[PDB]
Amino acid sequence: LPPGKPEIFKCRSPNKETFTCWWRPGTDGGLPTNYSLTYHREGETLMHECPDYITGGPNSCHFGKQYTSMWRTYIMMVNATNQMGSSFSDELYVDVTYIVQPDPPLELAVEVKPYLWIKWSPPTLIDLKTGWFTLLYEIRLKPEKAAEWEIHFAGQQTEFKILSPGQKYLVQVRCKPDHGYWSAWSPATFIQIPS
């Protein structure tokens, strides 16, 4: 009848300016009517509550840029509660600096002139121009029944070029920050090379 010890199982920042964490209802216990996320930051005694339970969706806390600092630990807890009782997640120690994983890149186009010409864009709402964010890219591609993919690292460039038969290629691009996590591959683009 009472919950259900919860877990904050991941946090992620897509751009060092905001971030979001996520929790799972607990290892068997009752149906939690309510959830609560509280935290403090180092260099501060003051106890906070989640600023925003909506935008991240189901079982999530979203920290807008107004509540997001780089280089400062966040000590976090979720409370799960019933008419019957309650339980507290373990404290989670988390630092925005080390949970950066951007969205995938946008508008992957492929043109076919002796070479093919791949072009993409940053995920939106990264701030690249200013120096704040630094985004490395990577490209994979494969004929249609190939066992293994071919990966070409492309650094900070938003374009790249390969030298190949008369064949159909699936191509994908992903991106990571200078230090952090690879985005997921973007959706595939398709290109036929003539003779």
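From 1 onward, residues are counted along the sequence shown. Superpose the two forms; the largest set of C-alphas matching within 1.5 Å is the rigid core.
Chemist: Which of the two stretches, 184 to 192 or 2 to 10, moves more in 5 other deposited structures of this protein when the core is held fixed, judged by C-alpha RMS distance?
Modeler: Larger mean C-alpha displacement, comparing 184 to 192 and 2 to 10 in 5 other deposited structures of this protein, is found in 2 to 10.
Chemist: Between 94 to 102 and 114 to 122, pick out the one whose C-alpha positions differ more from the shown form in 5 other deposited structures of this protein, using the rigid core for superposition.
Modeler: Output: 114 to 122, the stretch lying farther off on average in 5 other deposited structures of this protein.
Chemist: Taking residue 113 and residue 114 as adjacent modelled residues, how many residues of the deposited sequence between them have no coordinates (none, 1 to 3, 4 to 9, 10 or more)?
Modeler: Missing in between: 4 to 9 residues.
Chemist: I'd like the number of residues from the deposited sequence that lie between residue 66 and residue 67 yet are not in the model, binned as none, 1 to 3, 4 to 9, or 10 or more.
Modeler: The entry has no unmodelled residues between residue 66 and residue 67.
Chemist: Would you mind comparing 36 to 44 and 141 to 149 for me and telling me which has the higher average C-alpha temperature factor in the entry?
Modeler: Of 141 to 149 and 36 to 44, the stretch with the higher C-alpha B-factor average is 141 to 149.
Chemist: So, looking at the entry's B-factor column for Cα atoms, which has the higher mean, 74 to 82 or 114 to 122?
Modeler: Taking the mean C-alpha B-factor of 74 to 82 and of 114 to 122, the larger value falls to 114 to 122.
Chemist: Among 30, 131, 51, 58, which carries the highest Cα B-factor?
Modeler: Each of 30, 131, 51, 58 was compared by C-alpha B-factor; the highest is 30.
Chemist: Is residue 96 in the lowest, middle or highest third of its chain when residues are ranked by C-alpha B-factor?
Modeler: Residue 96: CA B-factor falls in the lowest third of its chain.
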